[PDB]
Every structure is written in C-alpha cells, then in structure tokens.
Amino acid sequence: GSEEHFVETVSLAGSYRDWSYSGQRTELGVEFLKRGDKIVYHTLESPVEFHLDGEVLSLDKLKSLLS
C-alpha cells in the first residue's frame, strides 16, 4: 500500500529530511516522524491517515510538509 510504504521507508532510514522516526503506539495512532515539537502520527490500519498536531494530512502533502 502506498501510504504503508511511506511508514516502511522512513523506518529503514529511522528518519525523513530532518525528522526522526519513532514507532510508539499510543491512543492516538503510532508516533511517526518527530522533529522538535512536531509529532506526526499514522494509523495502524488503512488508508494510513497521517496526522500532525491535529491536522489529518494526505500522503503527497506529508512529504512536502516534512520539508
């Protein structure tokens, strides 16, 4: 799955652009990309809804936003 493969790829780097991977499941998804105060989440199930701060993002947006 496209979105799933994004989770997958960042795991292999442990990071993306300037951010850091995580992987701590919580109530609110699993902790994704951390950078400073910004914690992206992703859903366990599909389609993988990426979130940040409270904005559910989309896959193409997310990359652009992680810049």
# chains A, B, ... in the order shown; residues from 1 in each chain; ligands from 1
$ residues_around --residues "segment 17-26 of chain A" --least-positions-apart "6" --cutoff "10 Å" --atoms "only C-alpha atoms" --output "list in words"
residues 7, 10, 11, 32, 33, 34, 35, 36, 38, 39, 40, 41, 42, 43, 44, 63, 66 and 67 of chain A
$ write_last_selection --atoms "N, CA and C atoms" --output "PDB file, in the first residue's frame"
ATOM      1  N   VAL A   7       5.469   4.694   5.669  1.00  0.00           N
ATOM      2  CA  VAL A   7       5.858   4.264   7.015  1.00  0.00           C
ATOM      3  C   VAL A   7       7.089   3.364   6.912  1.00  0.00           C
ATOM      4  N   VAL A  10      10.565   5.228   5.886  1.00  0.00           N
ATOM      5  CA  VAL A  10      11.114   6.056   6.942  1.00  0.00           C
ATOM      6  C   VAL A  10      11.685   5.151   8.035  1.00  0.00           C
ATOM      7  N   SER A  11      11.062   4.008   8.344  1.00  0.00           N
ATOM      8  CA  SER A  11      11.591   3.069   9.327  1.00  0.00           C
ATOM      9  C   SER A  11      13.011   2.632   8.963  1.00  0.00           C
ATOM     10  N   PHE A  32       5.049   8.771  14.671  1.00  0.00           N
ATOM     11  CA  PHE A  32       5.711   8.675  13.394  1.00  0.00           C
ATOM     12  C   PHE A  32       7.032   9.400  13.407  1.00  0.00           C
ATOM     13  N   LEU A  33       7.029  10.440  12.633  1.00  0.00           N
ATOM     14  CA  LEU A  33       8.126  11.377  12.472  1.00  0.00           C
ATOM     15  C   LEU A  33       8.016  12.406  13.584  1.00  0.00           C
ATOM     16  N   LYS A  34       9.067  12.539  14.381  1.00  0.00           N
ATOM     17  CA  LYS A  34       9.272  13.605  15.341  1.00  0.00           C
ATOM     18  C   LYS A  34      10.308  14.586  14.807  1.00  0.00           C
ATOM     19  N   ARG A  35      10.072  15.888  14.928  1.00  0.00           N
ATOM     20  CA  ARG A  35      11.064  16.929  14.671  1.00  0.00           C
ATOM     21  C   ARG A  35      10.728  18.078  15.600  1.00  0.00           C
ATOM     22  N   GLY A  36      11.664  18.518  16.438  1.00  0.00           N
ATOM     23  CA  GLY A  36      11.376  19.440  17.530  1.00  0.00           C
ATOM     24  C   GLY A  36      10.118  19.025  18.282  1.00  0.00           C
ATOM     25  N   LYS A  38       7.092  18.796  16.778  1.00  0.00           N
ATOM     26  CA  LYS A  38       6.150  18.294  15.793  1.00  0.00           C
ATOM     27  C   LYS A  38       6.216  16.786  15.861  1.00  0.00           C
ATOM     28  N   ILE A  39       5.076  16.163  16.136  1.00  0.00           N
ATOM     29  CA  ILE A  39       4.920  14.720  16.194  1.00  0.00           C
ATOM     30  C   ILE A  39       3.866  14.371  15.158  1.00  0.00           C
ATOM     31  N   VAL A  40       4.301  13.746  14.073  1.00  0.00           N
ATOM     32  CA  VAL A  40       3.385  13.160  13.116  1.00  0.00           C
ATOM     33  C   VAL A  40       2.950  11.843  13.740  1.00  0.00           C
ATOM     34  N   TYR A  41       1.697  11.471  13.531  1.00  0.00           N
ATOM     35  CA  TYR A  41       1.161  10.159  13.841  1.00  0.00           C
ATOM     36  C   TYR A  41       0.808   9.483  12.527  1.00  0.00           C
ATOM     37  N   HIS A  42       0.643   8.167  12.551  1.00  0.00           N
ATOM     38  CA  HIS A  42      -0.024   7.449  11.483  1.00  0.00           C
ATOM     39  C   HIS A  42      -0.958   6.426  12.106  1.00  0.00           C
ATOM     40  N   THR A  43      -2.001   6.049  11.377  1.00  0.00           N
ATOM     41  CA  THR A  43      -2.892   4.998  11.819  1.00  0.00           C
ATOM     42  C   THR A  43      -2.232   3.650  11.564  1.00  0.00           C
ATOM     43  N   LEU A  44      -2.581   2.678  12.401  1.00  0.00           N
ATOM     44  CA  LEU A  44      -2.151   1.304  12.206  1.00  0.00           C
ATOM     45  C   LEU A  44      -2.783   0.730  10.936  1.00  0.00           C
ATOM     46  N   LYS A  63       4.898  14.610   2.624  1.00  0.00           N
ATOM     47  CA  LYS A  63       6.286  14.788   2.201  1.00  0.00           C
ATOM     48  C   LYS A  63       6.679  16.262   2.110  1.00  0.00           C
ATOM     49  N   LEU A  66       6.966  17.773   5.552  1.00  0.00           N
ATOM     50  CA  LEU A  66       8.128  17.285   6.279  1.00  0.00           C
ATOM     51  C   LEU A  66       9.394  18.029   5.857  1.00  0.00           C
ATOM     52  N   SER A  67       9.381  18.687   4.701  1.00  0.00           N
ATOM     53  CA  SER A  67      10.405  19.658   4.345  1.00  0.00           C
ATOM     54  C   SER A  67      10.353  20.828   5.345  1.00  0.00           C
TER      55      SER A  67
END
$ select_by_dssp --residues "chain A" --states "strand (DSSP E)" --output "PDB file with N, CA and C atoms, in the first residue's frame"
ATOM      1  N   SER A  15      14.378   8.012   9.937  1.00  0.00           N
ATOM      2  CA  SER A  15      14.270   9.462   9.832  1.00  0.00           C
ATOM      3  C   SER A  15      13.772   9.839   8.430  1.00  0.00           C
ATOM      4  N   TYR A  16      13.354  11.094   8.249  1.00  0.00           N
ATOM      5  CA  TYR A  16      12.987  11.662   6.945  1.00  0.00           C
ATOM      6  C   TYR A  16      13.342  13.144   6.918  1.00  0.00           C
ATOM      7  N   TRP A  19      13.636  15.040  10.253  1.00  0.00           N
ATOM      8  CA  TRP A  19      12.849  14.430  11.308  1.00  0.00           C
ATOM      9  C   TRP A  19      13.485  13.098  11.696  1.00  0.00           C
ATOM     10  N   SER A  20      12.945  12.466  12.728  1.00  0.00           N
ATOM     11  CA  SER A  20      13.357  11.228  13.357  1.00  0.00           C
ATOM     12  C   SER A  20      12.137  10.314  13.380  1.00  0.00           C
ATOM     13  N   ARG A  25       3.256   3.153  19.561  1.00  0.00           N
ATOM     14  CA  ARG A  25       1.798   3.192  19.533  1.00  0.00           C
ATOM     15  C   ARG A  25       1.291   3.879  20.796  1.00  0.00           C
ATOM     16  N   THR A  26       0.283   4.719  20.661  1.00  0.00           N
ATOM     17  CA  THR A  26      -0.425   5.319  21.782  1.00  0.00           C
ATOM     18  C   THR A  26      -1.913   5.228  21.449  1.00  0.00           C
ATOM     19  N   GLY A  29      -2.765   6.763  17.648  1.00  0.00           N
ATOM     20  CA  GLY A  29      -2.171   6.187  16.469  1.00  0.00           C
ATOM     21  C   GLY A  29      -0.863   5.529  16.864  1.00  0.00           C
ATOM     22  N   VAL A  30       0.140   5.608  16.001  1.00  0.00           N
ATOM     23  CA  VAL A  30       1.522   5.367  16.386  1.00  0.00           C
ATOM     24  C   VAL A  30       2.352   6.608  16.040  1.00  0.00           C
ATOM     25  N   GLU A  31       3.267   6.966  16.946  1.00  0.00           N
ATOM     26  CA  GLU A  31       4.194   8.077  16.830  1.00  0.00           C
ATOM     27  C   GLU A  31       5.069   7.833  15.610  1.00  0.00           C
ATOM     28  N   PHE A  32       5.049   8.771  14.671  1.00  0.00           N
ATOM     29  CA  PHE A  32       5.711   8.675  13.394  1.00  0.00           C
ATOM     30  C   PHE A  32       7.032   9.400  13.407  1.00  0.00           C
ATOM     31  N   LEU A  33       7.029  10.440  12.633  1.00  0.00           N
ATOM     32  CA  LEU A  33       8.126  11.377  12.472  1.00  0.00           C
ATOM     33  C   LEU A  33       8.016  12.406  13.584  1.00  0.00           C
ATOM     34  N   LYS A  34       9.067  12.539  14.381  1.00  0.00           N
ATOM     35  CA  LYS A  34       9.272  13.605  15.341  1.00  0.00           C
ATOM     36  C   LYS A  34      10.308  14.586  14.807  1.00  0.00           C
ATOM     37  N   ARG A  35      10.072  15.888  14.928  1.00  0.00           N
ATOM     38  CA  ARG A  35      11.064  16.929  14.671  1.00  0.00           C
ATOM     39  C   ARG A  35      10.728  18.078  15.600  1.00  0.00           C
ATOM     40  N   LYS A  38       7.092  18.796  16.778  1.00  0.00           N
ATOM     41  CA  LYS A  38       6.150  18.294  15.793  1.00  0.00           C
ATOM     42  C   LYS A  38       6.216  16.786  15.861  1.00  0.00           C
ATOM     43  N   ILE A  39       5.076  16.163  16.136  1.00  0.00           N
ATOM     44  CA  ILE A  39       4.920  14.720  16.194  1.00  0.00           C
ATOM     45  C   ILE A  39       3.866  14.371  15.158  1.00  0.00           C
ATOM     46  N   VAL A  40       4.301  13.746  14.073  1.00  0.00           N
ATOM     47  CA  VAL A  40       3.385  13.160  13.116  1.00  0.00           C
ATOM     48  C   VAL A  40       2.950  11.843  13.740  1.00  0.00           C
ATOM     49  N   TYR A  41       1.697  11.471  13.531  1.00  0.00           N
ATOM     50  CA  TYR A  41       1.161  10.159  13.841  1.00  0.00           C
ATOM     51  C   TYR A  41       0.808   9.483  12.527  1.00  0.00           C
ATOM     52  N   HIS A  42       0.643   8.167  12.551  1.00  0.00           N
ATOM     53  CA  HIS A  42      -0.024   7.449  11.483  1.00  0.00           C
ATOM     54  C   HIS A  42      -0.958   6.426  12.106  1.00  0.00           C
ATOM     55  N   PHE A  50      -2.144   9.849   8.048  1.00  0.00           N
ATOM     56  CA  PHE A  50      -1.071  10.561   8.708  1.00  0.00           C
ATOM     57  C   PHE A  50      -1.720  11.752   9.391  1.00  0.00           C
ATOM     58  N   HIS A  51      -1.296  12.107  10.599  1.00  0.00           N
ATOM     59  CA  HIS A  51      -1.748  13.328  11.255  1.00  0.00           C
ATOM     60  C   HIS A  51      -0.530  14.106  11.700  1.00  0.00           C
ATOM     61  N   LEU A  52      -0.695  15.401  11.931  1.00  0.00           N
ATOM     62  CA  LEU A  52       0.283  16.208  12.648  1.00  0.00           C
ATOM     63  C   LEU A  52      -0.442  17.269  13.444  1.00  0.00           C
ATOM     64  N   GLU A  55      -4.041  18.042  12.472  1.00  0.00           N
ATOM     65  CA  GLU A  55      -4.383  18.031  11.058  1.00  0.00           C
ATOM     66  C   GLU A  55      -4.093  16.636  10.541  1.00  0.00           C
ATOM     67  N   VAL A  56      -5.141  15.908  10.182  1.00  0.00           N
ATOM     68  CA  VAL A  56      -5.000  14.756   9.294  1.00  0.00           C
ATOM     69  C   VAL A  56      -4.484  15.285   7.953  1.00  0.00           C
TER      70      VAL A  56
END
$ select_by_dssp --residues "chain A" --states "alpha helix (DSSP H)" --output "list in words"
residues 2, 3, 4, 5, 6, 7, 8, 9, 10, 11, 12, 13, 59, 60, 61, 62, 63, 64, 65 and 66 of chain A
$ write_last_selection --atoms "C-alpha atoms" --output "PDB file, in the first residue's frame"
ATOM      1  CA  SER A   2       1.322   3.492  -0.941  1.00  0.00           C
ATOM      2  CA  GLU A   3       0.803   5.135   2.418  1.00  0.00           C
ATOM      3  CA  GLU A   4       2.029   1.992   4.284  1.00  0.00           C
ATOM      4  CA  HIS A   5       5.199   2.009   2.128  1.00  0.00           C
ATOM      5  CA  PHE A   6       5.862   5.561   3.400  1.00  0.00           C
ATOM      6  CA  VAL A   7       5.858   4.264   7.015  1.00  0.00           C
ATOM      7  CA  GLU A   8       8.037   1.406   5.757  1.00  0.00           C
ATOM      8  CA  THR A   9      10.663   3.629   4.057  1.00  0.00           C
ATOM      9  CA  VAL A  10      11.114   6.056   6.942  1.00  0.00           C
ATOM     10  CA  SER A  11      11.591   3.069   9.327  1.00  0.00           C
ATOM     11  CA  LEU A  12      14.580   1.906   7.258  1.00  0.00           C
ATOM     12  CA  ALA A  13      16.222   5.360   7.459  1.00  0.00           C
ATOM     13  CA  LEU A  59       0.493  11.277   1.612  1.00  0.00           C
ATOM     14  CA  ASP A  60       1.625  13.742  -1.056  1.00  0.00           C
ATOM     15  CA  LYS A  61       1.127  16.707   1.322  1.00  0.00           C
ATOM     16  CA  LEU A  62       3.005  14.972   4.159  1.00  0.00           C
ATOM     17  CA  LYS A  63       6.286  14.788   2.201  1.00  0.00           C
ATOM     18  CA  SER A  64       6.002  18.473   1.274  1.00  0.00           C
ATOM     19  CA  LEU A  65       5.183  19.339   4.940  1.00  0.00           C
ATOM     20  CA  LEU A  66       8.128  17.285   6.279  1.00  0.00           C
TER      21      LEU A  66
END
$ closest_residue --among "A:37, A:27, A:45, A:14" --to "residue 1 of chain A" --atoms "only C-alpha atoms"
A:45
